[PDB]
């Protein structure tokens, strides 16, 4: 079924119905007036960030054998992986861009809902996810709560509860134990038969929308367009 969408719910309703039980939701009317929503174009990103060095993941999925991580300027990333007919999938993923480029922090806000946590605001981690259509983040789980805010473009997102972990066949290794062995959109059901019947939620996340990913909820994300998302990891 589809992740529910709520317009600016109260703090208490979010706490009781979503945060405490660990249920996903999309929040509307919250980030739709970030200055980023109107300001961030490729040209703006080049002007403010183009000369800075960023880590880039190259390859279809980080679970692939040919996948690698490199460094280049934001201008180079845009030129090679976005505008010119790219040879490979590149993704400026999981990067603390706002600590590197404080000017861009002026264009975003931490959602007020994160104050319902038991952690310090100073310890919230903010990451950029910027890439072309077709980037894929394989199914995995994270150790904090997350607000994933969509700024540019759309993402297809699949969510599996931590109760379903058995049917997701986590990797055995220590580096990949938070990651499923299954390719969500083309699962090998001969090797991973339990996956087929496992229930899930899905959504297309559009600009101005916030997805709440409860701590340890398994998530899979594919960009449908040129995309820019901002995540907030909080407790």
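Positions refer to the first chain, counted from 1.
Trainee: Tell me which stretch has the larger mean Cα B-factor in this entry, 138-146 or 116-124.
Mentor: So the stretch with the higher mean C-alpha B-factor is 116-124.
Trainee: Determine, for stretches 25-33 and 50-58, which one has the higher mean CA B-factor as deposited.
Mentor: 25-33 has the higher mean C-alpha B-factor.
Trainee: Out of 69, 186, 179, 202, whose C-alpha atom has the biggest B factor in the entry?
Mentor: The C-alpha B-factor peaks, among 69, 186, 179, 202, at 69.
Trainee: Which third, lowest, middle or highest, does the C-alpha temperature factor of residue 84 belong to within its own chain?
Mentor: Highest third.
Trainee: Classify residue 104 as lowest, middle or highest third according to the C-alpha B-factor given in the PDB entry, relative to its own chain.
Mentor: Highest third - that is where residue 104 ends up once the chain's C-alpha B-factors are sorted.
Trainee: C-alpha B factor of residue 73, ranked within the chain: lowest, middle or highest third?
Mentor: For residue 73, whose C-alpha B-factor we compare with every modelled residue in the chain, the answer is the lowest third.
Trainee: Sort the modelled residues of this chain by their C-alpha B factor and say whether residue 11 lands in the lowest, middle or highest third.
Mentor: Ranked within chain, residue 11 CA B lands in the highest tercile.
Trainee: Quick check on the deposited entry: does the C-alpha B-factor of residue 167 sit in the lowest, middle or highest third of its chain?
Mentor: Middle third of the chain for residue 167's C-alpha B-factor.
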